[PDB]
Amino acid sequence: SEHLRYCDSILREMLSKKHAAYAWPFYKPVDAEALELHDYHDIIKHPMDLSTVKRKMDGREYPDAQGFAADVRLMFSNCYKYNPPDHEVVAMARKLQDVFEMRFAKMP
């Protein structure tokens, strides 16, 4: 669809080298074990990241743009909920969410 195609283009931009400096922590699920975030899955009950969004998009699991945006917004919401406010990953999430919300708002 026209809307889902636009979302795919947003997702491809978020995964592009343009934004790599701050998008890379969202490229794949938080590895709470390697990172030793022993409380991560107690605090975050529905983990989300960009590779999962991409898997669902490629498999055409999102019926509409709102479902796609719900997943992306959960990824960011998880990041703000879990981390200390001054963590570098929070500053990175702020920049990538700016990019995402600005593109999403201009969906034809």
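Definition used throughout: the rigid core is the maximal C-alpha set that superposes within 1.5 Å between two forms. Residue positions are given as counts along the sequence shown, with the first one as 1.
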Between 46 to 54 and 29 to 37, report the one with more C-alpha displacement in 6 other deposited structures of this protein relative to this form after a rigid core superposition. 29 to 37
Looking at the deposited entry, does 57 to 65 or 32 to 40 carry the larger mean Cα B-factor? 32 to 40
Among the modelled residues of its chain, does the C-alpha B-factor of residue 7 lie in the lowest, middle or highest third? lowest
So, residue 87's CA B-factor, relative to its chain, sits in which third? The middle
If you rank every modelled residue in this chain by C-alpha B factor, which third holds residue 15: lowest, middle or highest? lowest
